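Raw contents of coords_16.cif, mmCIF, N, CA and C atoms:
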```cif
data_data
loop_
_atom_site.group_PDB
_atom_site.id
_atom_site.type_symbol
_atom_site.label_atom_id
_atom_site.label_comp_id
_atom_site.auth_asym_id
_atom_site.auth_seq_id
_atom_site.Cartn_x
_atom_site.Cartn_y
_atom_site.Cartn_z
ATOM 1 N N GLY A 13 224.411 170.849 125.172
ATOM 2 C CA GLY A 13 225.537 169.978 125.614
ATOM 3 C C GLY A 13 225.142 169.217 126.887
ATOM 4 N N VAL A 14 223.946 168.571 126.854
ATOM 5 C CA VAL A 14 223.399 167.784 128.001
ATOM 6 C C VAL A 14 223.129 166.328 127.533
ATOM 7 N N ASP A 15 223.605 165.332 128.341
ATOM 8 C CA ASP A 15 223.434 163.872 128.060
ATOM 9 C C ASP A 15 221.945 163.455 128.254
ATOM 10 N N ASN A 16 221.472 162.524 127.379
ATOM 11 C CA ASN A 16 220.066 162.015 127.366
ATOM 12 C C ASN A 16 219.973 160.630 128.068
ATOM 13 N N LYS A 17 218.848 160.427 128.796
ATOM 14 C CA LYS A 17 218.535 159.190 129.586
ATOM 15 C C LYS A 17 217.442 158.351 128.881
ATOM 16 N N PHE A 18 217.409 156.987 129.098
ATOM 17 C CA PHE A 18 216.295 156.160 128.529
ATOM 18 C C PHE A 18 215.093 156.640 129.294
ATOM 19 N N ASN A 19 213.926 157.212 128.775
ATOM 20 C CA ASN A 19 213.099 157.627 129.901
ATOM 21 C C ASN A 19 212.102 156.532 130.268
ATOM 22 N N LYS A 20 211.026 156.920 130.943
ATOM 23 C CA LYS A 20 210.003 155.961 131.348
ATOM 24 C C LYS A 20 209.034 155.695 130.201
ATOM 25 N N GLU A 21 208.534 156.766 129.596
ATOM 26 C CA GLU A 21 207.595 156.637 128.486
ATOM 27 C C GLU A 21 208.148 155.690 127.426
ATOM 28 N N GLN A 22 209.472 155.629 127.326
ATOM 29 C CA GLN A 22 210.115 154.759 126.349
ATOM 30 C C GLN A 22 210.189 153.328 126.871
ATOM 31 N N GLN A 23 210.825 153.157 128.025
ATOM 32 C CA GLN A 23 210.959 151.834 128.623
ATOM 33 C C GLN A 23 209.618 151.108 128.625
ATOM 34 N N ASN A 24 208.550 151.849 128.903
ATOM 35 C CA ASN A 24 207.214 151.265 128.935
ATOM 36 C C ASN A 24 206.862 150.659 127.580
ATOM 37 N N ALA A 25 207.100 151.422 126.517
ATOM 38 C CA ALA A 25 206.803 150.950 125.170
ATOM 39 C C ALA A 25 207.754 149.823 124.775
ATOM 40 N N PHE A 26 209.001 149.924 125.224
ATOM 41 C CA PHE A 26 209.999 148.908 124.912
ATOM 42 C C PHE A 26 209.527 147.534 125.376
ATOM 43 N N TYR A 27 208.862 147.499 126.526
ATOM 44 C CA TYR A 27 208.363 146.243 127.071
ATOM 45 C C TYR A 27 207.202 145.719 126.232
ATOM 46 N N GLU A 28 206.295 146.616 125.861
ATOM 47 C CA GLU A 28 205.140 146.233 125.056
ATOM 48 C C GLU A 28 205.587 145.517 123.785
ATOM 49 N N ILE A 29 206.611 146.059 123.135
ATOM 50 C CA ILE A 29 207.126 145.464 121.908
ATOM 51 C C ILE A 29 207.742 144.098 122.193
ATOM 52 N N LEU A 30 208.256 143.927 123.407
ATOM 53 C CA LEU A 30 208.871 142.663 123.795
ATOM 54 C C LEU A 30 207.805 141.649 124.197
ATOM 55 N N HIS A 31 206.557 142.100 124.248
ATOM 56 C CA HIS A 31 205.453 141.222 124.620
ATOM 57 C C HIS A 31 204.740 140.701 123.376
ATOM 58 N N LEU A 32 205.152 141.101 122.183
ATOM 59 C CA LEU A 32 204.456 140.656 120.947
ATOM 60 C C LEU A 32 204.416 139.080 120.763
ATOM 61 N N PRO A 33 203.229 138.374 120.777
ATOM 62 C CA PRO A 33 203.171 136.864 120.524
ATOM 63 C C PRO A 33 203.491 136.524 119.046
ATOM 64 N N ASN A 34 203.937 135.250 118.780
ATOM 65 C CA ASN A 34 204.324 134.793 117.407
ATOM 66 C C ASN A 34 205.471 135.703 116.903
ATOM 67 N N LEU A 35 206.580 135.725 117.681
ATOM 68 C CA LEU A 35 207.718 136.639 117.432
ATOM 69 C C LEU A 35 208.429 136.383 116.074
ATOM 70 N N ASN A 36 208.720 137.520 115.383
ATOM 71 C CA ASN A 36 209.506 137.573 114.134
ATOM 72 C C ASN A 36 210.713 138.397 114.607
ATOM 73 N N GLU A 37 211.892 137.781 114.528
ATOM 74 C CA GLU A 37 213.114 138.341 115.093
ATOM 75 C C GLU A 37 213.549 139.576 114.310
ATOM 76 N N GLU A 38 213.548 139.462 112.986
ATOM 77 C CA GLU A 38 213.944 140.577 112.133
ATOM 78 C C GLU A 38 213.121 141.820 112.458
ATOM 79 N N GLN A 39 211.822 141.626 112.661
ATOM 80 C CA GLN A 39 210.935 142.739 112.979
ATOM 81 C C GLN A 39 211.229 143.277 114.375
ATOM 82 N N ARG A 40 211.231 142.383 115.358
ATOM 83 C CA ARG A 40 211.499 142.781 116.737
ATOM 84 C C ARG A 40 212.730 143.680 116.806
ATOM 85 N N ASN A 41 213.833 143.210 116.232
ATOM 86 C CA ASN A 41 215.071 143.981 116.234
ATOM 87 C C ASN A 41 214.841 145.365 115.637
ATOM 88 N N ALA A 42 214.537 145.403 114.343
ATOM 89 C CA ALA A 42 214.295 146.670 113.663
ATOM 90 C C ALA A 42 213.551 147.637 114.577
ATOM 91 N N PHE A 43 212.464 147.160 115.175
ATOM 92 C CA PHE A 43 211.671 147.992 116.072
ATOM 93 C C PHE A 43 212.445 148.287 117.354
ATOM 94 N N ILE A 44 213.050 147.251 117.925
ATOM 95 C CA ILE A 44 213.820 147.412 119.154
ATOM 96 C C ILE A 44 214.976 148.383 118.939
ATOM 97 N N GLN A 45 215.599 148.303 117.768
ATOM 98 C CA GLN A 45 216.719 149.181 117.448
ATOM 99 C C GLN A 45 216.270 150.639 117.433
ATOM 100 N N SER A 46 215.231 150.926 116.655
ATOM 101 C CA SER A 46 214.713 152.284 116.561
ATOM 102 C C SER A 46 214.485 152.870 117.951
ATOM 103 N N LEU A 47 214.092 152.015 118.890
ATOM 104 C CA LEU A 47 213.842 152.459 120.256
ATOM 105 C C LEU A 47 215.147 152.871 120.932
ATOM 106 N N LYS A 48 216.266 152.537 120.300
ATOM 107 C CA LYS A 48 217.573 152.877 120.850
ATOM 108 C C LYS A 48 218.195 154.037 120.076
ATOM 109 N N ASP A 49 217.995 154.046 118.730
ATOM 110 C CA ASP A 49 218.795 154.910 117.786
ATOM 111 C C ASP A 49 218.760 156.467 117.930
ATOM 112 N N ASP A 50 217.828 157.022 118.685
ATOM 113 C CA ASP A 50 217.696 158.517 118.829
ATOM 114 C C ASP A 50 218.970 159.218 119.487
ATOM 115 N N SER A 51 219.566 158.625 120.571
ATOM 116 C CA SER A 51 220.812 159.168 121.291
ATOM 117 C C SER A 51 221.521 157.929 122.001
ATOM 118 N N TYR A 52 222.867 157.928 122.398
ATOM 119 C CA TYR A 52 223.563 156.642 122.939
ATOM 120 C C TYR A 52 224.461 156.656 124.332
ATOM 121 N N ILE A 53 224.407 155.727 125.500
ATOM 122 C CA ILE A 53 225.199 156.174 126.570
ATOM 123 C C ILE A 53 225.817 155.021 127.307
ATOM 124 N N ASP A 54 227.186 154.920 127.373
ATOM 125 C CA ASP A 54 227.852 153.840 128.053
ATOM 126 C C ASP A 54 227.814 154.008 129.544
ATOM 127 N N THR A 55 226.595 153.897 130.131
ATOM 128 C CA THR A 55 226.398 153.989 131.572
ATOM 129 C C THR A 55 227.300 153.218 132.480
ATOM 130 N N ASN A 56 227.550 151.965 132.117
ATOM 131 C CA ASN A 56 228.374 151.184 132.935
ATOM 132 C C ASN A 56 229.880 151.221 132.738
ATOM 133 N N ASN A 57 230.224 152.187 131.837
ATOM 134 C CA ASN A 57 231.659 152.472 131.511
ATOM 135 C C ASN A 57 232.477 151.252 131.110
ATOM 136 N N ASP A 58 232.019 150.463 130.133
ATOM 137 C CA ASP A 58 232.820 149.340 129.752
ATOM 138 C C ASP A 58 233.257 149.343 128.285
ATOM 139 N N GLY A 59 233.012 150.478 127.615
ATOM 140 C CA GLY A 59 233.403 150.504 126.225
ATOM 141 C C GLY A 59 232.396 150.021 125.200
ATOM 142 N N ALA A 60 231.241 149.510 125.687
ATOM 143 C CA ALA A 60 230.234 148.981 124.856
ATOM 144 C C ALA A 60 228.844 149.507 125.214
ATOM 145 N N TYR A 61 227.878 149.448 124.291
ATOM 146 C CA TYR A 61 226.505 149.886 124.554
ATOM 147 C C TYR A 61 225.778 148.528 124.606
ATOM 148 N N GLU A 62 225.211 148.240 125.812
ATOM 149 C CA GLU A 62 224.522 146.958 125.939
ATOM 150 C C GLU A 62 223.418 146.970 127.006
ATOM 151 N N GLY A 63 222.642 145.907 127.022
ATOM 152 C CA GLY A 63 221.567 145.742 127.947
ATOM 153 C C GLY A 63 220.707 146.929 128.308
ATOM 154 N N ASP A 64 220.699 147.276 129.600
ATOM 155 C CA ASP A 64 219.861 148.413 130.044
ATOM 156 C C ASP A 64 220.305 149.734 129.420
ATOM 157 N N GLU A 65 221.423 149.733 128.736
ATOM 158 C CA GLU A 65 221.819 150.951 128.100
ATOM 159 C C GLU A 65 221.086 151.111 126.753
ATOM 160 N N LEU A 66 220.316 150.017 126.326
ATOM 161 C CA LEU A 66 219.543 149.998 125.034
ATOM 162 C C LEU A 66 218.351 151.068 124.767
ATOM 163 N N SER A 67 217.395 151.463 125.696
ATOM 164 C CA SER A 67 216.166 152.401 125.328
ATOM 165 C C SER A 67 216.438 153.979 125.352
ATOM 166 N N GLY A 68 215.450 154.871 124.884
ATOM 167 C CA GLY A 68 215.655 156.389 124.849
ATOM 168 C C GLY A 68 215.413 156.980 123.461
ATOM 169 N N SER A 69 214.143 156.929 122.995
ATOM 170 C CA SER A 69 213.739 157.414 121.646
ATOM 171 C C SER A 69 212.252 157.745 121.621
ATOM 172 N N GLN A 70 211.795 158.432 120.547
ATOM 173 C CA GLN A 70 210.352 158.793 120.274
ATOM 174 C C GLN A 70 209.483 157.490 120.217
ATOM 175 N N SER A 71 209.598 156.651 121.252
ATOM 176 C CA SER A 71 209.007 155.304 121.292
ATOM 177 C C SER A 71 207.502 155.241 121.083
ATOM 178 N N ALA A 72 206.770 156.314 121.388
ATOM 179 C CA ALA A 72 205.297 156.297 121.239
ATOM 180 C C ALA A 72 204.922 155.917 119.778
ATOM 181 N N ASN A 73 205.593 156.553 118.790
ATOM 182 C CA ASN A 73 205.314 156.305 117.381
ATOM 183 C C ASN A 73 205.685 154.873 117.005
ATOM 184 N N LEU A 74 206.881 154.453 117.406
ATOM 185 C CA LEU A 74 207.344 153.103 117.106
ATOM 186 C C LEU A 74 206.417 152.067 117.732
ATOM 187 N N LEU A 75 206.024 152.308 118.978
ATOM 188 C CA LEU A 75 205.136 151.389 119.681
ATOM 189 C C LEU A 75 203.841 151.194 118.901
ATOM 190 N N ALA A 76 203.175 152.300 118.583
ATOM 191 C CA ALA A 76 201.923 152.239 117.838
ATOM 192 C C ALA A 76 202.132 151.543 116.496
ATOM 193 N N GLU A 77 203.333 151.680 115.944
ATOM 194 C CA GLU A 77 203.649 151.060 114.664
ATOM 195 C C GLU A 77 203.847 149.557 114.831
ATOM 196 N N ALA A 78 204.803 149.181 115.675
ATOM 197 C CA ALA A 78 205.083 147.771 115.916
ATOM 198 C C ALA A 78 203.809 147.030 116.308
ATOM 199 N N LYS A 79 202.966 147.690 117.096
ATOM 200 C CA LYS A 79 201.714 147.085 117.535
ATOM 201 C C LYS A 79 200.758 146.918 116.358
ATOM 202 N N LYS A 80 200.796 147.871 115.433
ATOM 203 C CA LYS A 80 199.927 147.819 114.263
ATOM 204 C C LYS A 80 200.291 146.631 113.378
ATOM 205 N N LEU A 81 201.585 146.340 113.289
ATOM 206 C CA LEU A 81 202.053 145.225 112.473
ATOM 207 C C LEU A 81 201.753 143.897 113.159
ATOM 208 N N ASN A 82 202.371 143.681 114.315
ATOM 209 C CA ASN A 82 202.163 142.446 115.063
ATOM 210 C C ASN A 82 200.689 142.053 115.048
ATOM 211 N N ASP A 83 199.819 143.046 114.894
ATOM 212 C CA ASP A 83 198.383 142.792 114.863
ATOM 213 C C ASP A 83 197.913 142.548 113.434
ATOM 214 N N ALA A 84 198.512 143.264 112.489
ATOM 215 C CA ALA A 84 198.146 143.117 111.085
ATOM 216 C C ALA A 84 198.785 141.866 110.492
ATOM 217 N N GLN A 85 199.925 141.469 111.052
ATOM 218 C CA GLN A 85 200.628 140.285 110.571
ATOM 219 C C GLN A 85 200.388 139.103 111.505
ATOM 220 N N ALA A 86 199.269 139.138 112.219
ATOM 221 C CA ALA A 86 198.932 138.064 113.147
ATOM 222 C C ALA A 86 197.905 137.122 112.527
ATOM 223 N N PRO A 87 197.714 135.858 113.056
ATOM 224 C CA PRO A 87 196.693 134.877 112.472
ATOM 225 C C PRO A 87 195.233 135.329 112.728
ATOM 226 N N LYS A 88 194.304 134.918 111.828
ATOM 227 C CA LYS A 88 192.854 135.259 111.938
ATOM 228 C C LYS A 88 192.177 134.371 113.025
#
```
How would this structure read if it were set down as structure tokens?
Amino acid sequence: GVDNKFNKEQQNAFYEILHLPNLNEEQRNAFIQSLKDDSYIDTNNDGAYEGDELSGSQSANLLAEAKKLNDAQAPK
């Protein structure tokens, strides 16, 4: 019964995914979402989950994945 925080290891990966060149929005989201979907927290107490309240998940796997695609789906 303990609340979860976006940690550092995650935020770090979250940025890497946001650095992908030749952006595909559908992909970015899907990946960006997964980086959020593990646990959820209305830090700013406004009734909504937004902005900095977005990261906090097993991001290492997603990062390596998103990076594998952006690289596999990139130009020669």
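Here CA of residue 36 in chain A stands at a distance of 14.5 Å from atom C of residue 87 in chain A.
You can rank A:77, A:13, A:19, A:82 by their closest distance to residue 31 in chain A using only C-alpha atoms, and at the top of that list sits A:82.
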Measure the distance from atom N of residue 25 in chain A to atom N of residue 58 in chain A in Å and round it to one decimal. 25.2 Å
Apply DSSP to the structure's backbone, then extract all residues of chain A labelled helix (DSSP H, G or I) and return them as a PDB file with N, CA and C atoms, in the coordinates of the input.
```pdb
ATOM      1  N   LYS A  20     211.026 156.920 130.943  1.00  0.00           N
ATOM      2  CA  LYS A  20     210.003 155.961 131.348  1.00  0.00           C
ATOM      3  C   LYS A  20     209.034 155.695 130.201  1.00  0.00           C
ATOM      4  N   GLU A  21     208.534 156.766 129.596  1.00  0.00           N
ATOM      5  CA  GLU A  21     207.595 156.637 128.486  1.00  0.00           C
ATOM      6  C   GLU A  21     208.148 155.690 127.426  1.00  0.00           C
ATOM      7  N   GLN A  22     209.472 155.629 127.326  1.00  0.00           N
ATOM      8  CA  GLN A  22     210.115 154.759 126.349  1.00  0.00           C
ATOM      9  C   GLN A  22     210.189 153.328 126.871  1.00  0.00           C
ATOM     10  N   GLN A  23     210.825 153.157 128.025  1.00  0.00           N
ATOM     11  CA  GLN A  23     210.959 151.834 128.623  1.00  0.00           C
ATOM     12  C   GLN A  23     209.618 151.108 128.625  1.00  0.00           C
ATOM     13  N   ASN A  24     208.550 151.849 128.903  1.00  0.00           N
ATOM     14  CA  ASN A  24     207.214 151.265 128.935  1.00  0.00           C
ATOM     15  C   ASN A  24     206.862 150.659 127.580  1.00  0.00           C
ATOM     16  N   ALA A  25     207.100 151.422 126.517  1.00  0.00           N
ATOM     17  CA  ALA A  25     206.803 150.950 125.170  1.00  0.00           C
ATOM     18  C   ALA A  25     207.754 149.823 124.775  1.00  0.00           C
ATOM     19  N   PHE A  26     209.001 149.924 125.224  1.00  0.00           N
ATOM     20  CA  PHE A  26     209.999 148.908 124.912  1.00  0.00           C
ATOM     21  C   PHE A  26     209.527 147.534 125.376  1.00  0.00           C
ATOM     22  N   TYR A  27     208.862 147.499 126.526  1.00  0.00           N
ATOM     23  CA  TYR A  27     208.363 146.243 127.071  1.00  0.00           C
ATOM     24  C   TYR A  27     207.202 145.719 126.232  1.00  0.00           C
ATOM     25  N   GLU A  28     206.295 146.616 125.861  1.00  0.00           N
ATOM     26  CA  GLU A  28     205.140 146.233 125.056  1.00  0.00           C
ATOM     27  C   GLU A  28     205.587 145.517 123.785  1.00  0.00           C
ATOM     28  N   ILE A  29     206.611 146.059 123.135  1.00  0.00           N
ATOM     29  CA  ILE A  29     207.126 145.464 121.908  1.00  0.00           C
ATOM     30  C   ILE A  29     207.742 144.098 122.193  1.00  0.00           C
ATOM     31  N   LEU A  30     208.256 143.927 123.407  1.00  0.00           N
ATOM     32  CA  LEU A  30     208.871 142.663 123.795  1.00  0.00           C
ATOM     33  C   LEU A  30     207.805 141.649 124.197  1.00  0.00           C
ATOM     34  N   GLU A  37     211.892 137.781 114.528  1.00  0.00           N
ATOM     35  CA  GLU A  37     213.114 138.341 115.093  1.00  0.00           C
ATOM     36  C   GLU A  37     213.549 139.576 114.310  1.00  0.00           C
ATOM     37  N   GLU A  38     213.548 139.462 112.986  1.00  0.00           N
ATOM     38  CA  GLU A  38     213.944 140.577 112.133  1.00  0.00           C
ATOM     39  C   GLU A  38     213.121 141.820 112.458  1.00  0.00           C
ATOM     40  N   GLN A  39     211.822 141.626 112.661  1.00  0.00           N
ATOM     41  CA  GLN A  39     210.935 142.739 112.979  1.00  0.00           C
ATOM     42  C   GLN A  39     211.229 143.277 114.375  1.00  0.00           C
ATOM     43  N   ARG A  40     211.231 142.383 115.358  1.00  0.00           N
ATOM     44  CA  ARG A  40     211.499 142.781 116.737  1.00  0.00           C
ATOM     45  C   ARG A  40     212.730 143.680 116.806  1.00  0.00           C
ATOM     46  N   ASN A  41     213.833 143.210 116.232  1.00  0.00           N
ATOM     47  CA  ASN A  41     215.071 143.981 116.234  1.00  0.00           C
ATOM     48  C   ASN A  41     214.841 145.365 115.637  1.00  0.00           C
ATOM     49  N   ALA A  42     214.537 145.403 114.343  1.00  0.00           N
ATOM     50  CA  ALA A  42     214.295 146.670 113.663  1.00  0.00           C
ATOM     51  C   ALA A  42     213.551 147.637 114.577  1.00  0.00           C
ATOM     52  N   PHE A  43     212.464 147.160 115.175  1.00  0.00           N
ATOM     53  CA  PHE A  43     211.671 147.992 116.072  1.00  0.00           C
ATOM     54  C   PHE A  43     212.445 148.287 117.354  1.00  0.00           C
ATOM     55  N   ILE A  44     213.050 147.251 117.925  1.00  0.00           N
ATOM     56  CA  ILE A  44     213.820 147.412 119.154  1.00  0.00           C
ATOM     57  C   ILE A  44     214.976 148.383 118.939  1.00  0.00           C
ATOM     58  N   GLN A  45     215.599 148.303 117.768  1.00  0.00           N
ATOM     59  CA  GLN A  45     216.719 149.181 117.448  1.00  0.00           C
ATOM     60  C   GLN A  45     216.270 150.639 117.433  1.00  0.00           C
ATOM     61  N   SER A  46     215.231 150.926 116.655  1.00  0.00           N
ATOM     62  CA  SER A  46     214.713 152.284 116.561  1.00  0.00           C
ATOM     63  C   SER A  46     214.485 152.870 117.951  1.00  0.00           C
ATOM     64  N   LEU A  47     214.092 152.015 118.890  1.00  0.00           N
ATOM     65  CA  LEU A  47     213.842 152.459 120.256  1.00  0.00           C
ATOM     66  C   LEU A  47     215.147 152.871 120.932  1.00  0.00           C
ATOM     67  N   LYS A  48     216.266 152.537 120.300  1.00  0.00           N
ATOM     68  CA  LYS A  48     217.573 152.877 120.850  1.00  0.00           C
ATOM     69  C   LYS A  48     218.195 154.037 120.076  1.00  0.00           C
ATOM     70  N   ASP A  49     217.995 154.046 118.730  1.00  0.00           N
ATOM     71  CA  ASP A  49     218.795 154.910 117.786  1.00  0.00           C
ATOM     72  C   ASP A  49     218.760 156.467 117.930  1.00  0.00           C
ATOM     73  N   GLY A  63     222.642 145.907 127.022  1.00  0.00           N
ATOM     74  CA  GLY A  63     221.567 145.742 127.947  1.00  0.00           C
ATOM     75  C   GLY A  63     220.707 146.929 128.308  1.00  0.00           C
ATOM     76  N   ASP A  64     220.699 147.276 129.600  1.00  0.00           N
ATOM     77  CA  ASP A  64     219.861 148.413 130.044  1.00  0.00           C
ATOM     78  C   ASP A  64     220.305 149.734 129.420  1.00  0.00           C
ATOM     79  N   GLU A  65     221.423 149.733 128.736  1.00  0.00           N
ATOM     80  CA  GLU A  65     221.819 150.951 128.100  1.00  0.00           C
ATOM     81  C   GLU A  65     221.086 151.111 126.753  1.00  0.00           C
ATOM     82  N   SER A  71     209.598 156.651 121.252  1.00  0.00           N
ATOM     83  CA  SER A  71     209.007 155.304 121.292  1.00  0.00           C
ATOM     84  C   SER A  71     207.502 155.241 121.083  1.00  0.00           C
ATOM     85  N   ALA A  72     206.770 156.314 121.388  1.00  0.00           N
ATOM     86  CA  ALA A  72     205.297 156.297 121.239  1.00  0.00           C
ATOM     87  C   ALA A  72     204.922 155.917 119.778  1.00  0.00           C
ATOM     88  N   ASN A  73     205.593 156.553 118.790  1.00  0.00           N
ATOM     89  CA  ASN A  73     205.314 156.305 117.381  1.00  0.00           C
ATOM     90  C   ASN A  73     205.685 154.873 117.005  1.00  0.00           C
ATOM     91  N   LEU A  74     206.881 154.453 117.406  1.00  0.00           N
ATOM     92  CA  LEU A  74     207.344 153.103 117.106  1.00  0.00           C
ATOM     93  C   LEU A  74     206.417 152.067 117.732  1.00  0.00           C
ATOM     94  N   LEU A  75     206.024 152.308 118.978  1.00  0.00           N
ATOM     95  CA  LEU A  75     205.136 151.389 119.681  1.00  0.00           C
ATOM     96  C   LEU A  75     203.841 151.194 118.901  1.00  0.00           C
ATOM     97  N   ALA A  76     203.175 152.300 118.583  1.00  0.00           N
ATOM     98  CA  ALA A  76     201.923 152.239 117.838  1.00  0.00           C
ATOM     99  C   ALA A  76     202.132 151.543 116.496  1.00  0.00           C
ATOM    100  N   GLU A  77     203.333 151.680 115.944  1.00  0.00           N
ATOM    101  CA  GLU A  77     203.649 151.060 114.664  1.00  0.00           C
ATOM    102  C   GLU A  77     203.847 149.557 114.831  1.00  0.00           C
ATOM    103  N   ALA A  78     204.803 149.181 115.675  1.00  0.00           N
ATOM    104  CA  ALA A  78     205.083 147.771 115.916  1.00  0.00           C
ATOM    105  C   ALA A  78     203.809 147.030 116.308  1.00  0.00           C
ATOM    106  N   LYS A  79     202.966 147.690 117.096  1.00  0.00           N
ATOM    107  CA  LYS A  79     201.714 147.085 117.535  1.00  0.00           C
ATOM    108  C   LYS A  79     200.758 146.918 116.358  1.00  0.00           C
ATOM    109  N   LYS A  80     200.796 147.871 115.433  1.00  0.00           N
ATOM    110  CA  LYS A  80     199.927 147.819 114.263  1.00  0.00           C
ATOM    111  C   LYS A  80     200.291 146.631 113.378  1.00  0.00           C
ATOM    112  N   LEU A  81     201.585 146.340 113.289  1.00  0.00           N
ATOM    113  CA  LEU A  81     202.053 145.225 112.473  1.00  0.00           C
ATOM    114  C   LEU A  81     201.753 143.897 113.159  1.00  0.00           C
ATOM    115  N   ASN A  82     202.371 143.681 114.315  1.00  0.00           N
ATOM    116  CA  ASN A  82     202.163 142.446 115.063  1.00  0.00           C
ATOM    117  C   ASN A  82     200.689 142.053 115.048  1.00  0.00           C
ATOM    118  N   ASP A  83     199.819 143.046 114.894  1.00  0.00           N
ATOM    119  CA  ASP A  83     198.383 142.792 114.863  1.00  0.00           C
ATOM    120  C   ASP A  83     197.913 142.548 113.434  1.00  0.00           C
ATOM    121  N   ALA A  84     198.512 143.264 112.489  1.00  0.00           N
ATOM    122  CA  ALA A  84     198.146 143.117 111.085  1.00  0.00           C
ATOM    123  C   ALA A  84     198.785 141.866 110.492  1.00  0.00           C
TER     124      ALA A  84
END
```
Quick one: residues within 10 Å of residue 17 in chain A, only C-alpha atoms, excluding same-chain residues fewer than 6 positions away - as JSON, numbers by chain? {"A": [51, 52, 53, 55, 65, 67, 68, 69]}
Suppose a student applies the PyMOL selection byres (((chain A and resi 27 and name CA) around 12) and name CA) to this structure; what residues should they get, written as number ranges by chain? A: 20-26, 28-32, 40, 43-44, 47, 66-67, 71, 75, 78-79
Same residues, N, CA and C atoms, output as an mmCIF file, in the coordinates of the input:
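Result file is out-v1.cif:
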```cif
data_model
loop_
_atom_site.group_PDB
_atom_site.id
_atom_site.type_symbol
_atom_site.label_atom_id
_atom_site.label_comp_id
_atom_site.auth_asym_id
_atom_site.auth_seq_id
_atom_site.Cartn_x
_atom_site.Cartn_y
_atom_site.Cartn_z
ATOM 1 N N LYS A 20 211.026 156.920 130.943
ATOM 2 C CA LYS A 20 210.003 155.961 131.348
ATOM 3 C C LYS A 20 209.034 155.695 130.201
ATOM 4 N N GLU A 21 208.534 156.766 129.596
ATOM 5 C CA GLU A 21 207.595 156.637 128.486
ATOM 6 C C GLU A 21 208.148 155.690 127.426
ATOM 7 N N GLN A 22 209.472 155.629 127.326
ATOM 8 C CA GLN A 22 210.115 154.759 126.349
ATOM 9 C C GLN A 22 210.189 153.328 126.871
ATOM 10 N N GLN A 23 210.825 153.157 128.025
ATOM 11 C CA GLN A 23 210.959 151.834 128.623
ATOM 12 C C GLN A 23 209.618 151.108 128.625
ATOM 13 N N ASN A 24 208.550 151.849 128.903
ATOM 14 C CA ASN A 24 207.214 151.265 128.935
ATOM 15 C C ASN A 24 206.862 150.659 127.580
ATOM 16 N N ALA A 25 207.100 151.422 126.517
ATOM 17 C CA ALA A 25 206.803 150.950 125.170
ATOM 18 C C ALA A 25 207.754 149.823 124.775
ATOM 19 N N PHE A 26 209.001 149.924 125.224
ATOM 20 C CA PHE A 26 209.999 148.908 124.912
ATOM 21 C C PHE A 26 209.527 147.534 125.376
ATOM 22 N N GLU A 28 206.295 146.616 125.861
ATOM 23 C CA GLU A 28 205.140 146.233 125.056
ATOM 24 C C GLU A 28 205.587 145.517 123.785
ATOM 25 N N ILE A 29 206.611 146.059 123.135
ATOM 26 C CA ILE A 29 207.126 145.464 121.908
ATOM 27 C C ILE A 29 207.742 144.098 122.193
ATOM 28 N N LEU A 30 208.256 143.927 123.407
ATOM 29 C CA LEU A 30 208.871 142.663 123.795
ATOM 30 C C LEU A 30 207.805 141.649 124.197
ATOM 31 N N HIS A 31 206.557 142.100 124.248
ATOM 32 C CA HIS A 31 205.453 141.222 124.620
ATOM 33 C C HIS A 31 204.740 140.701 123.376
ATOM 34 N N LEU A 32 205.152 141.101 122.183
ATOM 35 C CA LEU A 32 204.456 140.656 120.947
ATOM 36 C C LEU A 32 204.416 139.080 120.763
ATOM 37 N N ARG A 40 211.231 142.383 115.358
ATOM 38 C CA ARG A 40 211.499 142.781 116.737
ATOM 39 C C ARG A 40 212.730 143.680 116.806
ATOM 40 N N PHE A 43 212.464 147.160 115.175
ATOM 41 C CA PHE A 43 211.671 147.992 116.072
ATOM 42 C C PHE A 43 212.445 148.287 117.354
ATOM 43 N N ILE A 44 213.050 147.251 117.925
ATOM 44 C CA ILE A 44 213.820 147.412 119.154
ATOM 45 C C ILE A 44 214.976 148.383 118.939
ATOM 46 N N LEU A 47 214.092 152.015 118.890
ATOM 47 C CA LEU A 47 213.842 152.459 120.256
ATOM 48 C C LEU A 47 215.147 152.871 120.932
ATOM 49 N N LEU A 66 220.316 150.017 126.326
ATOM 50 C CA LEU A 66 219.543 149.998 125.034
ATOM 51 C C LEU A 66 218.351 151.068 124.767
ATOM 52 N N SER A 67 217.395 151.463 125.696
ATOM 53 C CA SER A 67 216.166 152.401 125.328
ATOM 54 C C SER A 67 216.438 153.979 125.352
ATOM 55 N N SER A 71 209.598 156.651 121.252
ATOM 56 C CA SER A 71 209.007 155.304 121.292
ATOM 57 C C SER A 71 207.502 155.241 121.083
ATOM 58 N N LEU A 75 206.024 152.308 118.978
ATOM 59 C CA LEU A 75 205.136 151.389 119.681
ATOM 60 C C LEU A 75 203.841 151.194 118.901
ATOM 61 N N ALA A 78 204.803 149.181 115.675
ATOM 62 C CA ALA A 78 205.083 147.771 115.916
ATOM 63 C C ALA A 78 203.809 147.030 116.308
ATOM 64 N N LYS A 79 202.966 147.690 117.096
ATOM 65 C CA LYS A 79 201.714 147.085 117.535
ATOM 66 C C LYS A 79 200.758 146.918 116.358
#
```
